[PDB]
Each structure stands twice: as structure tokens, then as C-alpha cells.
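Down below is the structure, laid out as C-alpha cells.
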Number of protein chains: 2
Amino acid sequence: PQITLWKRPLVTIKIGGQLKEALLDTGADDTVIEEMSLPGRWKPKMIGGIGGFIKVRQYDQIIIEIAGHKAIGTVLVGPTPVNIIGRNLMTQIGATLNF
Amino acid sequence: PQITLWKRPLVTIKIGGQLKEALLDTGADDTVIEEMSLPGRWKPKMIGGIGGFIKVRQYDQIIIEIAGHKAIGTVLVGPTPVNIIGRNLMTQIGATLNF
Ligand SMILES: CCCC[C@@H](CN[C@@H](CCCC)C(=O)N[C@@H](CCC(N)=O)C(=O)N[C@@H](CCCNC(N)=[NH2+])C(N)=O)NC(=O)[C@@H](NC(=O)[C@@H](NC(C)=O)[C@@H](C)O)[C@@H](C)CC
């Protein structure tokens with residue numbers, strides 16, 4: 001679809017079999033989801049944002065559906081202010097910025 | 001133009017008579033630019049995301065050019081690790097997400 005930016009680019013996602021809401025974020029390298037129970041092996045990771053760094057659990061090769069589109073990649077689970085879908089997965093669903 | 005997401009969507013902008021490189025961030029409500037001595041009245045403000053909040057100076061009616069596209073709106077100036085173009089300006093250059 002074509003999504004304008006007058007409102008936050010929020011979309012429904014399916015992860016771990018659970019429906020969640022996430023922000024399509026072109027300014028995020030990675031995908032960061034709020035703390036949740038996710039089937040998979042993970043390893044400690046640290047990421048940065050506008051005000052500093054936070055610790056997250058890095059889960060590799062996670063199957064996830066974003067607005068009806070499938071992607072299989074790295075998902076970071078931690079205390080993020082908001083669920084964000086980063087470029088790592090947006091590239092998988094063929095998302096581009098256009099103006 | 002079309003901007004893929006294989007790498008950070010960085011564009012050249014012009015603000016305060018200076019040229020800078022900024023990240024098109026669909027996950028940012030506002031525009032945060034690195035510390036610069038902009039002329040005029042401003043309002044104290046705090047903005048946050050991953051890592052926490054940072055103190056910024058809110059400047060209104062700032063004329064800015066993004067990737068050759070004119071825009072005018074609110075610009076927050078402060079200790080940001082990266083120049084961020086948020087939705088408030090991206091909407092003005094008619095930028096959309098497509099997949
Ligand atoms: C979590 C909040 C929603 C998404 C977020 C993403 N912002 C980008 C901007 C900074 C880019 C460096 C970001 O943090 N991206 C991270 C996301 C985490 C991630 N791992 O992908 C990133 O790419 N981090 C890279 C590092 C960037 C490298 N660049 C550099 N160091 N200069 C990483 N860790 O690999 N938005 C924001 O940070 C904006 N906040 C918001 O839009 C809202 N604030 C809140 C708290 O929700 C609004 C109510 O103000 C900021 C800029 C204020 C307007």
C-alpha cells in the first residue's frame with residue numbers, strides 16, 4: 001500500500017503467533033518490539049536511540065508478518081518506547097520512501 | 001525521488017543557511033537537528049525515544065529545504081546524535097511509504 005505520514009505509520013504485525021501494533025520506522029536500522037514471550041534463542045544486545053542506549057534480547061531469523069507481508073529476520077525484544085519495524089525487515093517487504 | 005532502505009535514508013538539507021545531512025525518520029513525530037545557532041525566539045522543550053529524553057530548543061516557522069524540496073515548520077535544535085527529519089516536515093515534501 002501507499003502510506004502517507006500525516007499520522008504515525010502504524011501497522012498490525014503478527015509475531016510469535018500474536019497480533020501487535022508497530023511503527024514503520026525508516027529511521028531505525030533494526031526492529032525493536034516491547035518485552036514479550038517469543039519462541040526462540042536469543043543473545044544480549046545493546047542499541048542506541050535519541051537519548052542513549054538500552055539493553056535488548058536479539059532473536060535471529062524470526063518469522064513475522066507486517067501488514068500482511070512476510071519477513072523472516074532479526075527481532076530485538078526490549079524496553080522500547082514503541083514497537084518499531086526497522087529497515088532490516090522493511091527491505092524484506094520491499095518498502096521504499098517516495099516523494 | 002525514491003529512496004530504498006538497504007542503508008540509512010540520508011538526504012541533504014539546508015537550514016539556517018547551512019547544508020547538512022539528515023535521516024528521513026518515519027518513526028519521528030518531529031524534526032531534531034544538531035546544535036546550531038539559529039536566530040530568533042525559541043521555546044524550551046524535551047523530546048525522547050530509545051535511551052530517554054534530551055533537552056532541545058523549539059523553533060517555529062523554520063524554512064528548511066529537504067533533498068531540494070522546500071518546507072517550513074517546527075525544528076528542534078539540541079544534542080542529537082543524528083539530524084532527524086520527522087513526519088512534520090516529511091508530510092510537507094509529500095513523502096510516503098510504499099510496499
Ligand atoms: C522509539 C521511539 C519511536 C521511533 C524513534 C526512532 N528514532 C530513530 C532516530 C535516531 C536514529 C539514530 C532511532 O532511534 N533509531 C534507532 C532505533 C533502534 C535500532 N536499533 O534500530 C537506530 O536506528 N539505532 C541504531 C543506531 C543509529 C546509528 N547512528 C548514529 N549513531 N548516529 C542502532 N542501534 O543500530 N523516534 C524517535 O526517537 C523520536 N520520538 C518520537 O517520535 C516520539 N517519542 C517517543 C518517546 O515515543 C514523539 C512522541 O516525540 C525522536 C527523534 C523525537 C521526535
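Labels for the C-alpha cells follow display order: chains A, B, ..., residues from 1 in each chain, ligands from 1.
When the distance limit is 8 Å and only C-alpha atoms are what count, the residues near residue 6 in chain A, minus those fewer than 4 positions from it on the same chain, are residues 87, 88 and 91 of chain B.
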Problem - In range 24-95 of chain B, DSSP strand (DSSP E or B) residues written as an NGL selection string - result: :B and (24 or 32-34 or 43-49 or 52-66 or 69-78 or 84-85)
Using all C-alpha atoms paired in order, least-squares fit chain A onto chain B and give me the moved copy as a short mmCIF file (atom, residue, chain, number, x, y, z; two decimals) with N, CA, C and O atoms, in the first residue's frame.
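Now in selection23.cif:
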```cif
data_model
loop_
_atom_site.label_atom_id
_atom_site.label_comp_id
_atom_site.auth_asym_id
_atom_site.auth_seq_id
_atom_site.Cartn_x
_atom_site.Cartn_y
_atom_site.Cartn_z
N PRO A 1 11.88 11.71 -5.22
CA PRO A 1 12.60 10.50 -5.64
C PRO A 1 12.08 9.31 -4.86
O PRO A 1 11.27 9.47 -3.94
N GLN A 2 12.52 8.12 -5.26
CA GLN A 2 12.18 6.89 -4.57
C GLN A 2 13.46 6.47 -3.87
O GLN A 2 14.50 6.32 -4.50
N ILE A 3 13.38 6.30 -2.55
CA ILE A 3 14.53 5.95 -1.75
C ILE A 3 14.36 4.59 -1.08
O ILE A 3 13.41 4.38 -0.31
N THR A 4 15.26 3.67 -1.40
CA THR A 4 15.24 2.34 -0.81
C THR A 4 15.94 2.43 0.55
O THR A 4 16.62 3.42 0.85
N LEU A 5 15.83 1.38 1.36
CA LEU A 5 16.38 1.41 2.71
C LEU A 5 17.60 0.56 3.03
O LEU A 5 17.88 0.30 4.21
N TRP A 6 18.33 0.13 2.01
CA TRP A 6 19.50 -0.70 2.21
C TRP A 6 20.58 0.10 2.92
O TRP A 6 21.41 -0.45 3.63
N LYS A 7 20.55 1.41 2.71
CA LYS A 7 21.49 2.31 3.36
C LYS A 7 20.62 3.32 4.11
O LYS A 7 19.42 3.41 3.84
N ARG A 8 21.20 4.03 5.08
CA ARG A 8 20.41 5.01 5.83
C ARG A 8 19.89 6.05 4.84
O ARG A 8 20.61 6.47 3.93
N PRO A 9 18.61 6.42 4.96
CA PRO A 9 18.00 7.42 4.07
C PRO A 9 18.46 8.85 4.38
O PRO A 9 17.68 9.70 4.82
N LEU A 10 19.75 9.09 4.15
CA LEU A 10 20.34 10.40 4.40
C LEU A 10 20.15 11.33 3.20
O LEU A 10 20.23 10.90 2.05
N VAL A 11 19.87 12.59 3.49
CA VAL A 11 19.68 13.58 2.44
C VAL A 11 20.33 14.88 2.89
O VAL A 11 20.61 15.07 4.06
N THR A 12 20.62 15.74 1.92
CA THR A 12 21.22 17.02 2.23
C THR A 12 20.07 17.99 2.51
O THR A 12 19.01 17.91 1.90
N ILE A 13 20.27 18.85 3.51
CA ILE A 13 19.25 19.82 3.86
C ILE A 13 19.91 21.19 3.94
O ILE A 13 21.12 21.29 4.07
N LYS A 14 19.11 22.24 3.82
CA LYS A 14 19.61 23.60 3.93
C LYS A 14 18.78 24.25 5.02
O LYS A 14 17.55 24.35 4.92
N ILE A 15 19.45 24.66 6.09
CA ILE A 15 18.79 25.28 7.23
C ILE A 15 19.64 26.45 7.72
O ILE A 15 20.85 26.32 7.91
N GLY A 16 19.00 27.61 7.89
CA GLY A 16 19.71 28.80 8.32
C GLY A 16 20.66 29.29 7.23
O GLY A 16 21.46 30.20 7.44
N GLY A 17 20.53 28.69 6.05
CA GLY A 17 21.39 29.03 4.94
C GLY A 17 22.54 28.05 4.85
O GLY A 17 23.30 28.09 3.89
N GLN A 18 22.65 27.17 5.85
CA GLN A 18 23.72 26.17 5.92
C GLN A 18 23.33 24.76 5.47
O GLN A 18 22.28 24.23 5.85
N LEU A 19 24.23 24.13 4.73
CA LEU A 19 24.02 22.78 4.24
C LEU A 19 24.39 21.77 5.33
O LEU A 19 25.43 21.88 5.98
N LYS A 20 23.50 20.81 5.56
CA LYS A 20 23.72 19.77 6.54
C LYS A 20 23.20 18.46 5.97
O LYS A 20 22.58 18.43 4.91
N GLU A 21 23.46 17.38 6.68
CA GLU A 21 23.01 16.06 6.29
C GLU A 21 22.01 15.60 7.36
O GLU A 21 22.25 15.79 8.55
N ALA A 22 20.89 15.04 6.93
CA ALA A 22 19.88 14.57 7.87
C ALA A 22 19.26 13.27 7.40
O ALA A 22 19.26 12.96 6.22
N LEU A 23 18.75 12.52 8.37
CA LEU A 23 18.12 11.23 8.13
C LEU A 23 16.60 11.35 8.01
O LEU A 23 15.96 11.89 8.91
N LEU A 24 16.05 10.88 6.89
CA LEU A 24 14.59 10.89 6.71
C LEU A 24 14.11 9.83 7.70
O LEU A 24 14.39 8.64 7.55
N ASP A 25 13.39 10.28 8.72
CA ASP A 25 12.95 9.41 9.79
C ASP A 25 11.44 9.33 10.04
O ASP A 25 10.86 10.15 10.75
N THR A 26 10.83 8.29 9.48
CA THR A 26 9.39 8.06 9.62
C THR A 26 9.00 7.71 11.07
O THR A 26 7.83 7.78 11.44
N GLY A 27 9.99 7.30 11.86
CA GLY A 27 9.76 6.95 13.26
C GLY A 27 9.92 8.14 14.20
O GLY A 27 9.90 7.97 15.42
N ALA A 28 10.10 9.33 13.65
CA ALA A 28 10.23 10.54 14.46
C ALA A 28 9.04 11.44 14.20
O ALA A 28 8.71 11.73 13.05
N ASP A 29 8.40 11.90 15.27
CA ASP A 29 7.26 12.80 15.14
C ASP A 29 7.75 14.14 14.64
O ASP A 29 7.12 14.77 13.78
N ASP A 30 8.89 14.55 15.20
CA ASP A 30 9.50 15.85 14.92
C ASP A 30 10.86 15.81 14.25
O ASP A 30 11.48 14.76 14.14
N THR A 31 11.32 16.99 13.86
CA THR A 31 12.62 17.18 13.23
C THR A 31 13.61 17.66 14.29
O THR A 31 13.38 18.66 14.96
N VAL A 32 14.68 16.90 14.49
CA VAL A 32 15.70 17.23 15.49
C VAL A 32 17.07 17.38 14.85
O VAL A 32 17.57 16.46 14.22
N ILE A 33 17.65 18.56 14.99
CA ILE A 33 18.95 18.86 14.42
C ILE A 33 19.96 19.12 15.54
O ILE A 33 19.60 19.64 16.60
N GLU A 34 21.21 18.73 15.30
CA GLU A 34 22.31 18.91 16.25
C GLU A 34 22.37 20.37 16.64
O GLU A 34 21.84 21.23 15.94
N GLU A 35 23.04 20.65 17.76
CA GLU A 35 23.15 22.03 18.22
C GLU A 35 23.83 22.88 17.14
O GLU A 35 24.82 22.48 16.53
N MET A 36 23.22 24.02 16.86
CA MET A 36 23.71 24.93 15.85
C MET A 36 23.15 26.32 16.12
O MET A 36 22.27 26.50 16.97
N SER A 37 23.68 27.30 15.40
CA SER A 37 23.21 28.67 15.52
C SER A 37 22.12 28.80 14.46
O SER A 37 22.35 28.55 13.29
N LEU A 38 20.91 29.15 14.89
CA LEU A 38 19.79 29.28 13.97
C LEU A 38 19.04 30.59 14.21
O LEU A 38 18.70 30.91 15.35
N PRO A 39 18.82 31.37 13.14
CA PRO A 39 18.09 32.64 13.30
C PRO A 39 16.65 32.33 13.69
O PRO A 39 15.93 31.60 12.97
N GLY A 40 16.24 32.82 14.86
CA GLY A 40 14.89 32.58 15.32
C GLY A 40 14.73 32.60 16.83
O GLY A 40 15.70 32.55 17.58
N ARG A 41 13.48 32.72 17.26
CA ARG A 41 13.12 32.73 18.67
C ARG A 41 12.79 31.27 18.97
O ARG A 41 12.22 30.56 18.13
N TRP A 42 13.15 30.82 20.16
CA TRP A 42 12.90 29.44 20.55
C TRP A 42 12.42 29.34 21.99
O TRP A 42 12.43 30.33 22.72
N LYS A 43 11.96 28.16 22.38
CA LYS A 43 11.52 27.92 23.74
C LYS A 43 11.91 26.49 24.12
O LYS A 43 11.88 25.59 23.28
N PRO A 44 12.33 26.29 25.38
CA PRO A 44 12.74 24.97 25.87
C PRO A 44 11.67 23.90 25.61
O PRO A 44 10.48 24.15 25.76
N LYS A 45 12.13 22.72 25.20
CA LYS A 45 11.24 21.61 24.92
C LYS A 45 11.95 20.32 25.30
O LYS A 45 13.18 20.27 25.32
N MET A 46 11.18 19.28 25.64
CA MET A 46 11.76 17.98 25.99
C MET A 46 11.17 16.91 25.07
O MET A 46 9.96 16.88 24.84
N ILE A 47 12.04 16.06 24.52
CA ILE A 47 11.58 15.00 23.62
C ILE A 47 12.07 13.63 24.06
O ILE A 47 13.06 13.52 24.80
N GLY A 48 11.39 12.60 23.58
CA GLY A 48 11.75 11.24 23.93
C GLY A 48 12.27 10.40 22.79
O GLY A 48 11.97 10.65 21.62
N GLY A 49 13.03 9.39 23.15
CA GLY A 49 13.59 8.47 22.17
C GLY A 49 13.64 7.09 22.79
O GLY A 49 13.03 6.85 23.84
N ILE A 50 14.41 6.19 22.19
CA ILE A 50 14.49 4.82 22.70
C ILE A 50 15.07 4.67 24.12
O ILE A 50 14.61 3.82 24.89
N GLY A 51 16.02 5.52 24.49
CA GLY A 51 16.63 5.40 25.81
C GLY A 51 16.31 6.46 26.84
O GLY A 51 16.92 6.48 27.91
N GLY A 52 15.38 7.36 26.52
CA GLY A 52 15.02 8.40 27.46
C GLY A 52 14.65 9.73 26.83
O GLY A 52 14.29 9.80 25.66
N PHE A 53 14.78 10.80 27.62
CA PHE A 53 14.45 12.15 27.18
C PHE A 53 15.64 13.09 27.11
O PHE A 53 16.61 12.93 27.86
N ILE A 54 15.57 14.06 26.21
CA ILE A 54 16.62 15.08 26.09
C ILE A 54 15.98 16.47 25.94
O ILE A 54 14.82 16.60 25.49
N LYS A 55 16.71 17.50 26.35
CA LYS A 55 16.22 18.87 26.24
C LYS A 55 16.66 19.47 24.91
O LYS A 55 17.80 19.29 24.48
N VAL A 56 15.72 20.16 24.27
CA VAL A 56 15.98 20.80 22.99
C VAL A 56 15.35 22.20 22.94
O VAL A 56 14.55 22.57 23.80
N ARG A 57 15.77 22.97 21.94
CA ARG A 57 15.28 24.32 21.71
C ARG A 57 14.28 24.21 20.59
O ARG A 57 14.63 23.80 19.49
N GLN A 58 13.03 24.57 20.85
CA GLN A 58 12.01 24.49 19.82
C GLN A 58 11.88 25.78 19.04
O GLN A 58 11.50 26.82 19.60
N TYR A 59 12.22 25.72 17.75
CA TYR A 59 12.12 26.86 16.85
C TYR A 59 10.95 26.59 15.92
O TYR A 59 10.94 25.60 15.19
N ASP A 60 9.96 27.48 15.95
CA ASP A 60 8.78 27.34 15.09
C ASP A 60 8.92 28.06 13.74
O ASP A 60 9.71 29.00 13.60
N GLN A 61 8.18 27.57 12.75
CA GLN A 61 8.14 28.16 11.41
C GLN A 61 9.50 28.48 10.81
O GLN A 61 9.76 29.61 10.37
N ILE A 62 10.38 27.48 10.80
CA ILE A 62 11.72 27.60 10.24
C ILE A 62 11.69 27.17 8.77
O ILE A 62 11.10 26.14 8.44
N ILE A 63 12.30 27.97 7.90
CA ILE A 63 12.35 27.64 6.48
C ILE A 63 13.49 26.64 6.27
O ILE A 63 14.63 26.90 6.66
N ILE A 64 13.20 25.53 5.61
CA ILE A 64 14.21 24.50 5.41
C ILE A 64 14.01 23.74 4.10
O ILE A 64 12.88 23.48 3.70
N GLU A 65 15.10 23.42 3.43
CA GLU A 65 15.05 22.66 2.20
C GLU A 65 15.55 21.23 2.47
O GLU A 65 16.61 21.04 3.05
N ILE A 66 14.75 20.25 2.06
CA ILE A 66 15.06 18.85 2.26
C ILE A 66 15.14 18.16 0.90
O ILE A 66 14.12 17.95 0.25
N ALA A 67 16.35 17.79 0.50
CA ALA A 67 16.59 17.14 -0.79
C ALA A 67 15.97 17.93 -1.95
O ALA A 67 15.40 17.36 -2.88
N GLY A 68 16.09 19.25 -1.87
CA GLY A 68 15.55 20.10 -2.91
C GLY A 68 14.10 20.51 -2.71
O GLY A 68 13.60 21.31 -3.49
N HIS A 69 13.42 19.96 -1.70
CA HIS A 69 12.02 20.30 -1.43
C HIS A 69 11.89 21.25 -0.25
O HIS A 69 12.54 21.06 0.77
N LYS A 70 11.06 22.27 -0.40
CA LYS A 70 10.86 23.25 0.66
C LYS A 70 9.79 22.91 1.69
O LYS A 70 8.73 22.35 1.38
N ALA A 71 10.10 23.23 2.94
CA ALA A 71 9.21 23.00 4.07
C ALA A 71 9.45 24.16 5.00
O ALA A 71 10.53 24.75 5.01
N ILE A 72 8.41 24.54 5.74
CA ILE A 72 8.48 25.62 6.71
C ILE A 72 7.73 25.09 7.93
O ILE A 72 6.50 24.94 7.91
N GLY A 73 8.48 24.75 8.98
CA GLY A 73 7.86 24.23 10.18
C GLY A 73 8.76 24.23 11.40
O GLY A 73 9.82 24.87 11.44
N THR A 74 8.33 23.48 12.41
CA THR A 74 9.06 23.36 13.66
C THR A 74 10.33 22.54 13.55
O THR A 74 10.34 21.42 13.05
N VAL A 75 11.43 23.14 14.02
CA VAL A 75 12.71 22.45 14.03
C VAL A 75 13.18 22.47 15.47
O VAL A 75 13.07 23.50 16.16
N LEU A 76 13.62 21.32 15.96
CA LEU A 76 14.12 21.21 17.31
C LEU A 76 15.63 21.11 17.18
O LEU A 76 16.13 20.37 16.33
N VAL A 77 16.34 21.90 17.97
CA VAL A 77 17.80 21.91 17.95
C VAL A 77 18.33 21.49 19.31
O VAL A 77 18.06 22.13 20.33
N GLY A 78 19.07 20.38 19.34
CA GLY A 78 19.62 19.90 20.59
C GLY A 78 20.62 18.77 20.41
O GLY A 78 21.00 18.47 19.28
N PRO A 79 21.04 18.13 21.50
CA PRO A 79 22.01 17.03 21.45
C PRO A 79 21.51 15.68 20.92
O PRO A 79 21.64 14.65 21.57
N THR A 80 20.95 15.69 19.71
CA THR A 80 20.48 14.46 19.10
C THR A 80 21.68 13.68 18.53
O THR A 80 22.67 14.27 18.10
N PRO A 81 21.65 12.34 18.63
CA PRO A 81 22.73 11.48 18.12
C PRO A 81 22.95 11.69 16.62
O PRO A 81 24.06 11.56 16.11
N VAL A 82 21.86 12.02 15.93
CA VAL A 82 21.88 12.26 14.48
C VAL A 82 20.77 13.23 14.05
O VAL A 82 19.70 13.27 14.66
N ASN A 83 21.05 14.02 13.01
CA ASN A 83 20.07 14.96 12.47
C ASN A 83 18.96 14.14 11.83
O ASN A 83 19.22 13.32 10.96
N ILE A 84 17.73 14.37 12.27
CA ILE A 84 16.61 13.62 11.74
C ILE A 84 15.47 14.52 11.28
O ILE A 84 15.16 15.53 11.92
N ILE A 85 14.91 14.19 10.12
CA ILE A 85 13.78 14.94 9.59
C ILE A 85 12.57 14.10 9.95
O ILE A 85 12.44 12.96 9.51
N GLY A 86 11.69 14.67 10.77
CA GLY A 86 10.53 13.94 11.21
C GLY A 86 9.32 14.07 10.32
O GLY A 86 9.36 14.70 9.26
N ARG A 87 8.22 13.48 10.78
CA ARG A 87 6.98 13.50 10.04
C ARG A 87 6.40 14.89 9.86
O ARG A 87 5.73 15.15 8.86
N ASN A 88 6.67 15.78 10.81
CA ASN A 88 6.14 17.14 10.71
C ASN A 88 6.57 17.81 9.40
O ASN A 88 5.78 18.54 8.79
N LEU A 89 7.79 17.52 8.94
CA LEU A 89 8.30 18.10 7.70
C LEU A 89 8.16 17.16 6.51
O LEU A 89 7.97 17.61 5.38
N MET A 90 8.25 15.86 6.76
CA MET A 90 8.12 14.91 5.66
C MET A 90 6.74 14.99 5.02
O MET A 90 6.60 14.78 3.83
N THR A 91 5.72 15.31 5.82
CA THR A 91 4.36 15.44 5.30
C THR A 91 4.31 16.65 4.38
O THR A 91 3.61 16.62 3.37
N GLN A 92 5.07 17.69 4.71
CA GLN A 92 5.12 18.90 3.90
C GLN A 92 5.69 18.64 2.52
O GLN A 92 5.25 19.25 1.54
N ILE A 93 6.68 17.75 2.44
CA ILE A 93 7.26 17.44 1.14
C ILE A 93 6.57 16.27 0.45
O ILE A 93 7.05 15.77 -0.56
N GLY A 94 5.44 15.84 1.02
CA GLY A 94 4.65 14.76 0.47
C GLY A 94 5.28 13.38 0.47
O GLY A 94 5.03 12.59 -0.44
N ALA A 95 6.07 13.07 1.50
CA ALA A 95 6.72 11.78 1.61
C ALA A 95 5.79 10.71 2.18
O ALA A 95 5.02 10.97 3.11
N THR A 96 5.83 9.53 1.56
CA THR A 96 5.03 8.38 1.96
C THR A 96 5.88 7.13 1.95
O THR A 96 6.90 7.06 1.26
N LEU A 97 5.48 6.16 2.76
CA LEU A 97 6.16 4.87 2.80
C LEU A 97 5.39 4.01 1.80
O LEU A 97 4.17 4.15 1.66
N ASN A 98 6.10 3.15 1.08
CA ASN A 98 5.47 2.31 0.07
C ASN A 98 6.12 0.95 -0.01
O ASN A 98 7.34 0.83 0.02
N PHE A 99 5.30 -0.10 -0.09
CA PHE A 99 5.82 -1.46 -0.21
C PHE A 99 4.78 -2.41 -0.81
O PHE A 99 5.03 -3.63 -0.83
#
```
Problem - helix (DSSP H, G or I) per DSSP on the backbone: members of chain A, as a PyMOL selection string - result: chain A and resi 87-90
